[PDB]
Amino acid sequence: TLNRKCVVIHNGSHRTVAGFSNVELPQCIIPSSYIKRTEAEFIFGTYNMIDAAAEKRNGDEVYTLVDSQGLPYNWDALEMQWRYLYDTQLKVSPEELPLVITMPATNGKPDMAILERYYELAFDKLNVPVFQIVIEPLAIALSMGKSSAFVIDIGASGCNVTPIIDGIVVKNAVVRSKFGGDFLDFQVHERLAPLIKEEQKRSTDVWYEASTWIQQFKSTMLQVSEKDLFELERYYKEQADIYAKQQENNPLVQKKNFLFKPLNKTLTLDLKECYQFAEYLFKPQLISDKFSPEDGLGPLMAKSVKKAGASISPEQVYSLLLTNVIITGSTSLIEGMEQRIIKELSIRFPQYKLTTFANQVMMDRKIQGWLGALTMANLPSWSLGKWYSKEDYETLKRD
Amino acid sequence: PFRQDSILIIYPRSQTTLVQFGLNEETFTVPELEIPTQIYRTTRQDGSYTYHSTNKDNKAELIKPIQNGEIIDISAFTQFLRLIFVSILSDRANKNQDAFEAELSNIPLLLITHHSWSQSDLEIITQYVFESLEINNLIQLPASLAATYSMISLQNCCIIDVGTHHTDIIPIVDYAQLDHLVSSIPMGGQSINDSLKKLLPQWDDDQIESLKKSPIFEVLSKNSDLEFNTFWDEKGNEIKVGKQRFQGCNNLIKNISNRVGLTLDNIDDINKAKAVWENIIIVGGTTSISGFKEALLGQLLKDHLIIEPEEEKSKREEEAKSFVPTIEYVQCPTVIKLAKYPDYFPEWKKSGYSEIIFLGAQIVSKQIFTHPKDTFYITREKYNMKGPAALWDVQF
Amino acid sequence: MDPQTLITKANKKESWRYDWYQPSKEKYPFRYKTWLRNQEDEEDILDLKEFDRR
Amino acid sequence: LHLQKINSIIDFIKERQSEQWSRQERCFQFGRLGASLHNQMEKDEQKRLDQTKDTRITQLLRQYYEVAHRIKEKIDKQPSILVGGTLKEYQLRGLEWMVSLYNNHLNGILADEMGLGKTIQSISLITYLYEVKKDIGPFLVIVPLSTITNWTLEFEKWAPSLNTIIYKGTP
């Protein structure tokens, strides 16, 4: 292998992952947001922010670095974050080592403008020697031994569906849902509000709650039902009637208990109410009358495959993609999720056999994007990736 | 390979450095060498630096290389290792004179590291050990792992290492230190001192430090029966004290606990998490204060245990007056425990386990160095091939 | 005895430096620090016992 | 060129994944061995008339009346767990002696004549110790046949707060 050690940085819209290419896990996972506390001042890091957030001090406000595109939109802040990472976590001059960072799949447009802002940050400001940009869905797929794959990423910003054929990304078939993890935070909060008393500028408390009890609730209460929930209900009812009538147990009546710490208070949901939260990802027409069933994850996956079949047979691409389905993302770890994504895919494409792949290790999908970039950085040849040097920048600067 | 006479363990910390050369073979002994962690740095006109054990003719400056556990001066730190290492060679070379053919012929080194050390620092240290000290075999063992290996080898646990000015919190899952969860709070033993100064204004520092180190200072959660009790100055002066001797540990205990909670809550595999919460390991000088560990446990329970809120439970029991099943929660921890100490290291039992990290290293080094497999340390072979980078092919 | 010679007589051979390196395919336009192997051409003592516990 | 780029990346990716798994295994394997090392260290450690008059006091200290019963106590009140009857002076003295022996980490054998309430003495000692220490168990009792049901009835009557597991009947 090569005589080098890279810094690997992944700026997700929710989490930021950083570490060196020579070890199996990242040195740090910190929030892709910061507190601006006021003479201004910028707080980064999971415990630093949760401490400051709990202080409940006026003028403290949480801002974000990554928009819903998965792309950085506040570049002055991003530099401060990178400085923070290099200074306090990796503890190395940014000038020494090659850098590997990620971008999300796009349709192609915002690409050049981004690349430029990265030149300015990597070169003008940090003095990085050289960097590679890997495309998240692509790296994750490669890290998994796959050159062609339908990559279904369910993160905080929403679902990102990306067909990848023979190492190439099909941009026009790239699809980004708007409903994911962060959406789930909103719904858990709005729904539980009356039991916990509670029912931008108030960013600090929203954030702190999202990062504390709401995060635990998601990891322990929510489940995704295997089949359209409204149907599951009608069925379980229809069956329940017969057990009852017959003599003279509906699974949705099981209760689940969550200790809510801030008030030392038990919150009990029935299994249906637990299934209900993720149902919105699949049938978002159930919150507002302003969402079409087509904004739901099932129709969306289908849309993106069909748009893959338009290249540039279809019942071949369909077959390729569907035998290499990759399910990934923090939110994809919610119990029942893989199976519903599968059921939802299988019924839009009955003629085909689906085979899906997913990291089964809890940690590794939360940071599978970073894991992907890592396996790119450990590729044995410099010729395997585009490596931008200070040169490239100079030459772009000409007219 | 290898002679047990020859195994050298060094455990450097901000104030002092525990050292041992040779393992006893019968049972493990608590390290007897404790060298203050500092070196003198004379500056020689023309720019360069020289390093001595004493202020040479009052010409040298006093460098303290490790602060808050972090290496702040990597050059003085390596000079300090050499100073220790050389001293050991001289000592043994006098006493026995055939030493260079026996005890000093192949010296493997185990260096206990701290979570905060750079990769850059770890590589430089590796280079120093192979190039300057001309040693041939090196393990760099993280402090956290030494801890878990001493504690009857725990796959999942949490280390709470209470220093003087800071406390490290370090979760271990599947025998791996979880770097992204690791952290320290800027708070430790001195906090007790500080709490006490506020409670006893007319005392001074040495008086307060003496109380903390006395038989009558404990954390509560027979001495506790007496309103007042007595203890003796560093200088033999008798001092009486009231309820203050059961105070001063609280602010620290609460701070550590809040941190432990946020940390373990970010372990993603709940099945791992449950295990960690059931193997809390507390280490460091402070922890030898009578009552301290149990008090810290008590607080983790009070703050974090998942269990039915008492009022809720009291209603349900009234209702059933007209047997109550246990409410099951989906969260962890429903059980919190301190990891069980091994009781079969007699010398260690005698002296307490505040420094048990070192026993971790005595065990690992014997394992590793008295068995052929070279999987967990850097050898000359490896150094010759990859250099300091060799280090990353034997991480645990 | 001379500390340096004590170091020399115990435990019985390359050396590495941490420096700029410029990979090739000829040479890529960029640099980066790494641990390179060198070519052919590239104080005191303390008394333990004070520090022994007693 | 393109086909080989993909072929070689796939190769590196697969090799890297197998290297993870290897490191993870060698790690878990080293840990699981130290447990065994610990067990052996523990086993090894574990292995490692006037003369009688003085040896008795010495061995008692390591483990005459003032020495054997250094910890003394007097209990004239029946434990709050025992109900349905009253206690006798002989039973109280026996319970006090057994409690003093337990506090001194000493054992003993009872040689009561007959019908002196040995089951009641055992129940009283166990209930007192459990109420004082909040250490209800685990405890093991050996009862010969033809007396299991009498002990069961006595436990149900005098001490409902202490449950018992009794094996009998068909396999």
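Residues displayed in chain D correspond, in order, to Swiss-Prot positions 322-369, 393-407, 447-554.
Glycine too: its Cβ is placed from the backbone N, Cα and C atoms.
According to Swiss-Prot, the protein has these features:
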BINDING   D:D495, D:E496, D:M497, D:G498, D:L499, D:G500, D:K501, D:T502  ATP binding site
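Overlay of Swiss-Prot feature records on the structure.
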residue	record	Cβ contacts under 8 Å, 6 or more apart
D:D495	ATP binding site	D:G477, D:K501
D:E496	ATP binding site	none
D:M497	ATP binding site	none
D:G498	ATP binding site	none
D:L499	ATP binding site	D:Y473, D:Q474, D:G477
D:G500	ATP binding site	D:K471, D:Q474
D:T502	ATP binding site	D:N533, D:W534, D:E537
Secondary structure of D:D495 (ATP binding site) (DSSP, helix/strand/coil): coil
D:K501 (ATP binding site), number of other Cβ atoms within 10 Å: 13
Residues flanking the ATP site, with Cβ no more than 8 Å from the Cβ centroid of D:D495, D:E496, D:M497, D:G498, D:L499, D:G500, D:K501, D:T502 and excluding those residues themselves: D:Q504
